[PDB]
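One structure below.
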There are 2 protein chains.
Amino acid sequence: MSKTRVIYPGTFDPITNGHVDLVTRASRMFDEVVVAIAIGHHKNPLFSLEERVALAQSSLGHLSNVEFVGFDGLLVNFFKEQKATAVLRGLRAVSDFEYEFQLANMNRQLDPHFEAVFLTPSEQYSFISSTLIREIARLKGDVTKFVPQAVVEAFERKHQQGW
Amino acid sequence: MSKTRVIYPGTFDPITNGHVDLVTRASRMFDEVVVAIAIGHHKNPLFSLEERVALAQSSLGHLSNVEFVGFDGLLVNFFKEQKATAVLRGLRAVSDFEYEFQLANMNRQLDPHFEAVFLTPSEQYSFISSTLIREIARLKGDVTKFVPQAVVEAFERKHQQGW
Ligand SMILES: CC(C)(COP(=O)(O)OP(=O)(O)OC[C@H]1O[C@@H](n2cnc3c(N)ncnc32)[C@H](O)[C@@H]1O)[C@@H](O)C(=O)NCCC(=O)NCCS
Ligand SMILES: CC(C)(COP(=O)(O)OP(=O)(O)OC[C@H]1O[C@@H](n2cnc3c(N)ncnc32)[C@H](O)[C@@H]1O)[C@@H](O)C(=O)NCCC(=O)NCCS
Ligand SMILES: [Cl-]
Ligand SMILES: [Cl-]
Ligand SMILES: [Mg+2]
Ligand SMILES: [Mg+2]
């Protein structure tokens, strides 16, 4: 029996309670979990790579089997570099499901060793996404219930700097 | 690090190439896989429990980490009896996805330890289901491409007995 290593890729812009839930659930089922934060070199995140990693390590660092790594390029190249057992994704909605099904098959064609496993969210997180959180915060709403406290504060320090 | 045990529940009536693919993929990612064949005490399968188990062991017995077990009752009770890490399901279509999402949440309410992981099929199996296979065989079509050879023969021995 070998050691299992799953990658959880994402922009994590920012990390939410939903992502925390998934990573905790995955950490119980596999030997190593890598939170893989897509840099977004052409794709414009609100929070920088450094902010995103730090926000993630603050919510999940207490789990000893979870690593945190920024990446760019083709997910299958990252998959091979990392020697991963699988990629993990969460599935919140039908459109997620259909995109994810297509990506899994495309990746399996690029690399026959590729594998994708999916979790569905607990219902209390099923309505939460990074995009929507950004939108409420930007309009000065309160996102405390949907994100860790460190993310709450990070939104204030964006309001207060201008970047 | 503990030993992982996932249950793959199903009627497996009969097992298809799609199910074989999923179980092989799961066997690489977890320490033990249990093919859990729902007896169907009120729910009328074409093939008996004994036929279904045998057909499954014939396709998958070569994998040393796969067990085969009939069960009835509440899947969460089976989950606890088996001391499982998770239940595994395949997701072929949108309607699958929505039923599975609801069942995972219902089960998580019955037992907070419950967990469900999902795989999507390779595209060459994405159109295959037990129900459709039964239907083609019943109308004397050829199911050789969609099922292991032992299942082909089992359909002949049903044509030739009458049960
Ligand atoms: C798809 C990319 C951008 C990352 O995904 P995304 O931008 O959607 O990230 P985000 O952090 O918002 O979501 C992360 C994942 O967790 C899931 N998730 C998020 N929030 C929740 C929640 N509350 N509950 C459950 N699941 C959730 C998402 O559905 C997603 O699978 C990334 O994988 C990537 O760029 N990959 C490399 C590029 C590539 O190779 N692309 C094409 C060829 S493959
Ligand atoms: C849902 C039951 C009947 C089994 O599922 P089902 O009858 O759909 O079995 P079947 O063998 O056809 O499918 C098995 C699984 O593999 C998947 N699958 C089948 N063929 C393929 C394929 N070609 N590719 C990918 N996935 C596939 C299915 O989508 C399904 O998840 C069973 O779980 C059950 O009865 N559980 C206990 C009852 C219970 O507790 N029910 C309600 C309270 S939870
Ligand atoms: Cl996003
Ligand atoms: Cl069926
Ligand atoms: Mg998201
Ligand atoms: Mg089926």
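Any value given below was found using the heavy atoms of this structure, including those in side chains, with hydrogens, waters and symmetry copies removed. Chain naming here is simple, since letters A, B, ... match the order of the sequence lines and numbering starts at 1 in each. Whatever order the structure lists them in is the order used to number ligands and atoms, beginning at 1.
In this structure, A/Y8 is part of the shell of residues with a heavy atom less than 4.0 angstrom from ligand 1. By the 4.0 Å heavy-atom criterion, A/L103 is excluded from the residues contacting ligand 1.
Protein heavy atom nearest atom 36 (N) of ligand 1, with residue, atom name and distance: A/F71 CZ, 3.9 Å. A/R89 NH2, 3.7 Å is the protein heavy atom nearest to atom 6 (P) of ligand 1. When only non-hydrogen protein atoms are considered, atom 32 (C) of ligand 1 lies nearest to A/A38 CB, 4.4 Å. Closest protein heavy atom to atom 27 (C) of ligand 1: A/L22 CD1, 3.8 Å. What sits closest to atom 28 (C) of ligand 1 on the protein, heavy atoms only, is A/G90 O, 3.9 Å.
In this structure, the side chains of B/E115 and A/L119 come closer than 4.5 Å at one or more pairs of heavy atoms. With a 4.5 Å cut-off on side-chain heavy atoms, B/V20 and B/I15 count as touching.
Between A/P9 and ligand 1, a contact under 3.5 Å exists for no N or O pair. Between A/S129 and ligand 1, no N or O atom pair is found at a separation short of 3.5 Å. Some N or O of A/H19 is nearer than 3.5 Å to an N or O of ligand 1, by distance alone. Residue A/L91 has no N or O atom closer than 3.5 Å to an N or O atom of ligand 1. Looking at A/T11 next to ligand 1, an N or O pair under 3.5 Å apart turns up. Residue A/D13 has no nitrogen or oxygen atom sitting less than 3.5 Å from a nitrogen or oxygen atom of ligand 1, judged on distance alone.
With A/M106, A/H41, A/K43 as candidates, the residue nearest to atom 3 (C) of ligand 1 on a non-hydrogen basis is A/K43. Of the listed residues (A/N107, A/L74, A/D21), the one carrying the non-hydrogen atom nearest atom 44 (S) of ligand 1 is A/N107. When the options A/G10, A/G73, A/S122, A/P121 are ranked by their closest heavy atom to atom 38 (C) of ligand 1, first place goes to A/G73.
B/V143 and B/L132 fall within a single hydrophobic cluster, where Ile, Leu, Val, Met, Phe, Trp and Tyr are joined by side-chain heavy atoms under 4.5 Å apart, directly or via other members.
Between A/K43 atom NZ and A/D13 atom CG the span is 9.5 Å, to the nearest 0.5 Å. Taking OG1 of B/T120 as the start and CD of A/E98 as the end, the distance is 12.0 Å to the nearest 0.5 Å. Considering CD of B/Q109 and CG of B/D111, their distance stands at 11.0 Å, rounded to 0.5 Å.
Taking the six-membered ring for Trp and the full ring otherwise, the centers of B/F47 and B/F155 sit less than 6.0 Å from each other.
Across A/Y8 and A/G90, no two heavy atoms sit closer than the pair CE1-N, 4.5 Å. When all heavy atoms of A/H19 and A/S130 are compared, the pair lying nearest together is CE1-OG, 3.4 Å. Here the shortest heavy-atom pairing between A/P121 and A/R25 reads CA-NH1, 3.7 Å.
Side chain of A/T16 to main chain of A/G18: a donor-acceptor pair is present (N/O by atom type, distance under 3.5 Å, no hydrogens or angles).
Residue A/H159 qualifies as enclosed at atom NE2: its count of foreign heavy atoms under 6.0 Å is above 12.
Atoms of ligand 1 lying under 4.0 Å from at least one heavy atom of A/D96, given by number and element, are 29 (O). Heavy-atom proximity to A/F12, at under 4.0 Å, picks out these atoms of ligand 1: 11 (O). Heavy-atom contacts of A/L75 reach the following atoms of ligand 1: 37 (C), 40 (O) (cutoff under 4.0 Å).
For atom 42 (C) of ligand 1, no protein heavy-atom neighbour is present inside the 4.0 Å cut-off.
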